[PDB]
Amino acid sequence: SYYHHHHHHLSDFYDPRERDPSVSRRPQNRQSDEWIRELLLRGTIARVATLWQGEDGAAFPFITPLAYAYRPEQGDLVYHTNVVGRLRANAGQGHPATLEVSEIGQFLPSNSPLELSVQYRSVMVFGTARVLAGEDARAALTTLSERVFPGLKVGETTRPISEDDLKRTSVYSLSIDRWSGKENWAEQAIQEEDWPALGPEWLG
């Protein structure tokens, strides 16, 4: 800044900047629905949070990382896991679930301490998960497997999915209600001009 410079020799928000008019103007790092679709289609690992009744009776979340696949026409995501708690905290044959998918990039150094950050893209999906049975479960597992092992074909590359396989596996469909997407994927963190710049080891 001028003031600091002049003091040594003895607001940025309103001053000129460059703007690409095609960049998202959404506040709070939020992204479009199409962006969210695309991120979900290209990911292969998610974390799912569901609520379990704890010792004090209060609901609390688990977080389980797992393979998943987004099935856009059906409006769901599929996954399998045999992780459970004691009782689920909710009524009914399905349960509310939150699913998160992210792409984590690099840590971005700065000479301004609260500008230190990590590149990210993250989606939260809110909906209702239900366990699948029979052919619904077989088809979901097949889509998942063939999605995350591209080129693998169930019944050719692998033996077919048997009735025993199904009996021993909890396979879910998370039917989507709402979703929320965020990105902050700068090439460089914001720096503070009036403090010594980062040395070459940090950005080079």
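All residue numbers refer to positions in the sequence shown, first residue = 1.
Gap between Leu10 and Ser11: 10 or more deposited residues without coordinates. Taking the mean C-alpha B-factor of each stretch as recorded, 27-35 and 46-54 are not equal, and the higher mean is that of 27-35. Just going by the entry, 114-122 versus 88-96 on mean CA temperature factor gives the higher value to 88-96. Set against one another, the Cα B-factors of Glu163, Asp177, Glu135, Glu146 in the record reach their highest point at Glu163.
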